[PDB]
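Protein chains in written order, with UniProt numbering: chain V, 680 to 688, 695 to 713; chain E, 680 to 688, 695 to 713; chain F, 680 to 688, 695 to 713; chain R, 680 to 688, 695 to 713; chain Z, 680 to 688, 695 to 713; chain U, 680 to 688, 695 to 713; chain A, 680 to 688, 695 to 713; chain X, 680 to 688, 695 to 713; chain P, 680 to 688, 695 to 713; chain B, 680 to 688, 695 to 713. We put the CB at the ideal spot given by N, CA and C, even for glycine. What follows is a short report on a single structure.
Number of protein chains: 10
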Amino acid sequence: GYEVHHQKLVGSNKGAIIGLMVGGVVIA
Amino acid sequence: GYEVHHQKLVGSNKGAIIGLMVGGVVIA
Amino acid sequence: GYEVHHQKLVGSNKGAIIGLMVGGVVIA
Amino acid sequence: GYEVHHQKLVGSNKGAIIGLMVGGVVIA
Amino acid sequence: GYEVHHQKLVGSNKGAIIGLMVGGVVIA
Amino acid sequence: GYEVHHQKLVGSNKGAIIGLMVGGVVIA
Amino acid sequence: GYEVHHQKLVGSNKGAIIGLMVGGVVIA
Amino acid sequence: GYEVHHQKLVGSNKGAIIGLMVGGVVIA
Amino acid sequence: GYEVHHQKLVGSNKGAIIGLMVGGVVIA
Amino acid sequence: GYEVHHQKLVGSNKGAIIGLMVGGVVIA
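Here it is, written out as structure tokens:
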């Protein structure tokens with residue numbers, strides 16, 4: 680059980702690099 | 680069970702690179 | 680069981702590169 | 680079981702490149 | 680059981702690089 | 680510039702499945 | 680610049702699955 | 680610059702799964 | 680600059702899983 | 680600068702799982 684809500688991110698950026706993921710969520 | 684809601688992201698960006706994923710969700 | 684709702688993303698971007706995915710969802 | 684609703688994405698972009706996918710959904 | 684809400688991040698940035706993940710959530 | 684020579688492989698097998706390749710060489 | 684030579688492999698096997706490759710060589 | 684030579688491998698096996706590769710060599 | 684030579688491996698085995706690789710060599 | 684030579688491994698085994706690699710060599 681996991682949650683995130685109403686957050687904000695402001696800025697130009699290098700995003701994300703990930704090797705291996707089980708079940709996760711990614712925002713870039 | 681996972682959730683995200685009402686979030687905002695503002696900026697031009699280098700997106701995402703991912704090797705291997707099971708079950709996940711990705712926003713770019 | 681996974682959810683995202685009412686989110687917004695603003696900026697020109699390099700999108701996503703993914704090697705291998707099982708079951709997942711991708712927005713670019 | 681997966682869901683996304685009421686989201687918006695704003696910006697010219699390079700979409701997505703994916704090697705192998707089982708069962709998934711993609712928006713480009 | 681995990682939660683985050685109403686947080687804000695303001696600044697152009699180096700994103701994230703991650704090796705291996707189980708169950709997590711990532712924001713870039 | 681790449682090289683392989685004088686090798687041997695012995696056994697019944699399921700070969701190879703590849704998503705996307707640029708410029709490469711495959712023996713099955 | 681890469682090399683392999685005079686190697687041997695002995696056994697029935699499940700071979701290889703690869704998502705994305707640039708320039709590489711694969712033996713199955 | 681990389682090298683392997685005169686090696687031997695003996696046993697029935699599950700081979701390899703790889704997400705993303707640049708320039709590499711794979712024996713299965 | 681990398682080298683391996685004259686090595687031996695003896696046993697039936699669960700092989701390899703790799704997320705992302707730059708320049709490497711894999712024996713399974 | 681790296682080297683291995685004349686080594687031996695004897696036993697049925699769980700192989701290797703790796704997230705992200707630069708330049709390495711892997712035996713399974």
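Practice prompt. Would you list the residues sitting across from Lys699 of chain X in a DSSP beta bridge?
Written response: As a first step, residue 699 of chain X must be located in the eighth sequence, where it is residue number 14. In DSSP, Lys699 of chain X forms no bridge with anything.
Item to complete: Kindly list, in the order they appear in chain E, the residues whose Cβ is closer than 7 Å to that of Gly704 of chain P.
Response: Here residue 704 of chain P is taken as the residue at index 19 of the ninth sequence, counted from 1. The contacting residues are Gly704, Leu705.
Worksheet entry | Exposure label - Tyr681 of chain F; buried when at least 16 CB within 10 Å | Start at 1 with the first residue of the third sequence, and residue 681 of chain F comes out as number 2. Counting Cβ neighbours within 10 Å, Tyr681 of chain F comes out buried, since at least 16 surround it.
Discussion item. Please classify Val710 of chain V as buried or exposed, where buried requires at least 16 other C-beta atoms within 10 Å of its C-beta.
Written reply: Counting from one through the first sequence, the residue named residue 710 of chain V turns up at place 25. With 16 or more neighbouring CB atoms inside 10 Å of its own CB, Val710 of chain V falls in the buried class.
Worksheet item: Taking C-beta to C-beta, are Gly708 of chain P and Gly696 of chain B nearer than 7 Å?
Response: For the purposes of this step, residue 708 of chain P is taken as the residue at position 23 of the ninth sequence. For the purposes of this step, residue 696 of chain B is taken as the residue at position 11 of the tenth sequence. Taking 7 Å as the cut-off, the Cβ atoms of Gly708 of chain P and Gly696 of chain B do not count as close.
Fill in: Whole-angstrom C-beta distance between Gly704 of chain F and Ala701 of chain R, which should lie under 8 Å
As a working note, residue 701 of chain R is residue 16 in the fourth sequence. As a working note, residue 704 of chain F is residue 19 in the third sequence. About 12 Å separates the Cβ atoms of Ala701 of chain R and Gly704 of chain F, ruling out a contact at the 8 Å cut-off.
Worksheet item: Looking at the structure shown, is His684 of chain A part of a helix, part of a strand, or coil, going by DSSP?
Response: Taking the seventh sequence and counting its residues from 1, one reaches residue 684 of chain A at position 5. Reduced to three states, the DSSP call for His684 of chain A is strand.
Worksheet item: Alpha carbon to alpha carbon, how far is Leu688 of chain X from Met706 of chain V?
Response: Walking along the eighth sequence from the start, residue 688 of chain X turns up at place 9. Walking along the first sequence from the start, residue 706 of chain V turns up at place 21. Whole-angstrom Cα-Cα distance: 30 Å.
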